[PDB]
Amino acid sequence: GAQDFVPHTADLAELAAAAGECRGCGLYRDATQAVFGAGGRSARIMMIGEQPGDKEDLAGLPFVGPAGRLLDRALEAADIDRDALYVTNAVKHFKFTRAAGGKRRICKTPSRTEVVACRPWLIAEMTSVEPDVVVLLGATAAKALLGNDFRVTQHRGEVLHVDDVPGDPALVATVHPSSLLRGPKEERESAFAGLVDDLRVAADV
């Protein structure tokens, strides 16, 4: 996968530039650019989404669109400062299609193959940042570190620890913020509160 493209450095700027030249799977072709993680190596909390979406692919930054604004609202309710986080995604190139009459590029799910191909960047990020806790936002991120059979819905609120993860950080798997954007008002509000709960669990680690 991406392993030959990952240089022997923990400097995030060098890692990010190297990711721009990655060909570890096919996703680099149609994306605009790689979207590396944002934040600094002093971060105690790392958060991992699925992939850059439409806005991120062009902004060059993770979580800048509607799922990002909802995450900001949850972080602020959890009194977590986003500037103090390291925020990234399991795959670094936007996988997408267009529908006729659609108003945006639509994200397509990364295959497990692509996730495994890109995981070396995630490993380099964790080795570089040495977070105390990793928040996994959604199924793809959670499976990247916890195994392909892992179910986010069955482990809400739980602090996890697995053996093949750099520095043995605490892991907290939670709902993807994109899932909180749609549905009945009451279901959204209860899901938002659970997101805030899971963020508080990670920060109290």
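Residue positions are given as counts along the sequence shown, with the first one as 1.
Practice task
Tell me which of 122-130 and 100-108 has the higher mean C-alpha B-factor in the deposited entry.
Solution key: Between 100-108 and 122-130, it is 100-108 that shows the higher mean C-alpha B-factor.
Exercise for the section: Averaging the C-alpha B factors as listed in the entry, name the stretch that ends up higher: 186-194 or 20-28. Expected result: If you average the C-alpha B-factors of 186-194 and of 20-28, the larger mean comes out for 186-194.
Problem - Identity of residue with top Cα B-factor, from 168, 56, 50, 149 - result: Of 168, 56, 50, 149, 168 has the highest C-alpha B-factor.
Problem - Top Cα B factor in the deposited entry, candidates 135, 87, 77, 90 - result: Most elevated C-alpha B-factor of the set, per the entry: 77.
Problem - Assigned third (lowest, middle, highest) for the C-alpha B factor of residue 95 - result: Ranked within chain, residue 95 CA B lands in the lowest tercile.
Practice task
Rank-wise, by C-alpha B-factor, drop residue 179 into the lowest, middle or highest third of its chain.
Solution key: Answer is highest: the recorded C-alpha B-factor places it there.
Problem - For residue 160, the third of its chain into which the C-alpha B factor falls - result: As the PDB entry reports it, the C-alpha B-factor of residue 160 lands in the middle third of its chain.
Practice task
Looking at the entry's B-factor column for C-alpha atoms only, identify whether residue 69 ranks in the lowest, middle or highest third of its chain.
Solution key: According to the entry, residue 69 has a C-alpha B-factor in the chain's highest third.
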